[PDB]
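Numbering (the authors' numbering), first residue to last: 6 to 74, 97 to 121. Report on the structure given below.
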């Protein structure tokens with residue numbers, strides 16, 4: 006296409022040992038995602054719309070996590108495959 010996708014940013018956070026794939030803190034993960042998203046945009050690299058929309062979703066998922074330990100089972104800690112499904116489900120219904 007070729008654009009930075011939401012998975013690209015999440016995998017590089019995992020691969021560089023910045024998050025634990027088995028216990029992800031959605032509150033701590035959200036700003037790490039935004040940090041990396043700001044890095045790509047500083048270099049003016051192509052970042053997809055889904056990667057931009059995923060930031061808004063992660064901000065909501067971290068706000069509800071802080072308010073609850097809604098209209099869903101609000102979790103604070105995710106696994107990587109669970110967060111991937113949770114984020115992609117929110118991306119496609121957005």
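Every residue gets a Cβ at the ideal spot worked out from N, C-alpha and C, and that includes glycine.
Check: Where does residue 12 sit, in a helix, a strand or coil, going by DSSP?
Finding: Here residue 12 is taken as the residue at index 7 of the chain shown, counted from 1. Residue 12: helix per DSSP, three-state reduction.
Checklist line | Outcome for residue 74 when other beta-carbon atoms lying within 10 angstroms are tallied against a minimum of 16 | finding: For the purposes of this step, residue 74 is taken as residue 69 along the chain shown, with counting starting at 1. Exposed: under 16 other Cβ atoms inside 10 Å.
Check: Do residue 24 and residue 18 have their C-beta atoms closer together than 8 Å?
Finding: As a position in the chain shown, residue 24 is number 19, starting the count at 1. As a position in the chain shown, residue 18 is number 13, starting the count at 1. In this structure, residue 24 lies near residue 18, with their beta-carbon atoms less than 8 Å apart.
Next item on the list: Just tell me which of 120, 8, 102, 52 has its CA closest to the CA of residue 32.
Entry: Residue numbering aside, residue 32 sits at position 27 when the chain shown is read from its first letter. Of the listed residues, the one whose Cα sits closest to residue 32 is 102.
Check: By DSSP, does residue 25 sit in helix, in strand, or in coil?
Finding: On the chain shown, position 20 is the one that residue 25 refers to. The three-state secondary structure of residue 25, taken from DSSP, is coil.
Check: For residue 97, is the classification buried or exposed, using 16 other Cβ atoms within 10 angstroms of its Cβ as the cut-off for buried?
Finding: For the purposes of this step, residue 97 is taken as the residue at position 70 of the chain shown. If you draw a 10 Å sphere on the C-beta of residue 97, you find fewer than 16 other C-beta atoms in it, and that means exposed.
Notebook entry, point to check: What is the DSSP secondary structure of residue 101, reduced to helix, strand or coil?
Noted result: On the chain shown, residue 101 is found 74 positions in, with the first residue counted as 1. Three-state DSSP puts residue 101 in coil, outside helix and strand.
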